[PDB]
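Structure first, commentary second.
Note: hydrogens, waters and symmetry copies are ignored here, and every other heavy atom, side chains too, is used. Just follow the structure's listing: the first ligand is 1, and inside any ligand the first atom is 1. Each residue takes its place number in the sequence, starting with 1.
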Amino acid sequence: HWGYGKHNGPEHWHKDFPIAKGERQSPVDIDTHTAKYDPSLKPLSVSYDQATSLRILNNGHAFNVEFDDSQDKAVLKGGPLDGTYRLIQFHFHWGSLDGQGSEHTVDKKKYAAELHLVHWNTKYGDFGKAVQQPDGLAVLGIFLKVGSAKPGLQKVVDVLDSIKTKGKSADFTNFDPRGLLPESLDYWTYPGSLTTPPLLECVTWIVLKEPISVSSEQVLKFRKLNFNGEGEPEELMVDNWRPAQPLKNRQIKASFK
Ligand SMILES: NS(=O)(=O)c1ccc(O)c(NC(=O)NCCCCO)c1
Ligand SMILES: [Zn+2]
């Protein structure tokens, strides 16, 4: 099965998922001088006031905080998107060291981690249909740098002891994802893919310019999770990021100068 090790990591994925070598793969390096400011880009509309978090799950590759997506409760609109996209889950990718962990890079700079708020286009009816469409998902990507703590992340950090190993889940209600957002919603955007298998080319990526700061203790607690299931040999869940992929025939657009 695929993963992030020496024998099943990102350089192996194409053998089971040939789209790994496709034309719109993610993540990418964001060359800030080559991105083009698009003044027609609209401000992002993040409407998370009615969000209903349900549960947090260790799936063996990351942890997902899952939301009720059966109504328009937490939606992303505007920006480059047409229509309404519903929040289904968020998760992170992170490193073994503070100098690495993000999937996207900014002028080759790697951040300590990257948050992915995953949304699907309501015109396709459900997430499974949406991932089969070139405009099916919108993933809002937010970089994490190590510095001051992020208070809105702490409820996530504190529950991780309950989901240490693959397949463990915990109730996780009343979590407000607005506590994970930076001040500015300035963003870069480009067409891309899921960054884990099945690597489907269904994502409008929206990557925020401004990182959030989290404390060293917060990211340390991410690194105590396990890729393995309970009663299996312990592999720390670290470096669960795919490196930057070729940009090919794509232009990254910026909502700001
Ligand atoms: N990193 S991402 O581009 O924001 C991303 C957003 C939504 C996704 O569905 C995936 N891929 C995925 O879930 N693959 C199957 C493993 C889960 C079952 O345990 C990746
Ligand atoms: Zn992700």
Does any N or O of ligand 1 fall below 3.5 Å from an N or O anywhere on [X], backbone included?
X: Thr196; value: yes
X: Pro197; value: yes
X: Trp205; value: no
X: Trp2; value: no
X: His61; value: no
X: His93; value: yes

Side chain to side chain donor-acceptor pair (under 3.5 Å) involving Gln100 - partner list, sequence neighbours excluded
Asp239
Within-shell test, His91 vs ligand 1, heavy atom, strictly < 4.0 Å:
yes
Protein N/O/S atoms closer than 2.8 Å to the Zn ion (ligand 2):
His91 NE2, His93 NE2, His116 ND1
Donor + acceptor pair across side chains of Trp2, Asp16 (<3.5 Å):
no
Taking the six-membered ring of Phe67 as reference, does the NZ or CZ atom of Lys73 fall below 6.0 Å from its centre and within a 45° cone about the axis?
no
In terms of relative ring orientation, are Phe92 and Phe222 parallel, tilted or perpendicular, with 30° and 60° separating the classes?
tilted
Aromatic ring pairing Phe227/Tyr4, orientation class (parallel under 30°, perpendicular over 60°, tilted between)
parallel
Mind checking salt bridge (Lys or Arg N to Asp or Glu O under 4.0 Å) for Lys123 and listing every partner two or more places apart, or none if nothing turns up?
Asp135
Apply salt bridge (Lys or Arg N to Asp or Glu O under 4.0 Å) to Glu217 and list each qualifying residue two or more places apart in sequence or on a separate chain.
none
On a heavy-atom basis, I'd like to know which of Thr195, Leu199, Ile88, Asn59 is closest to atom 19 (O) of ligand 1.
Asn59
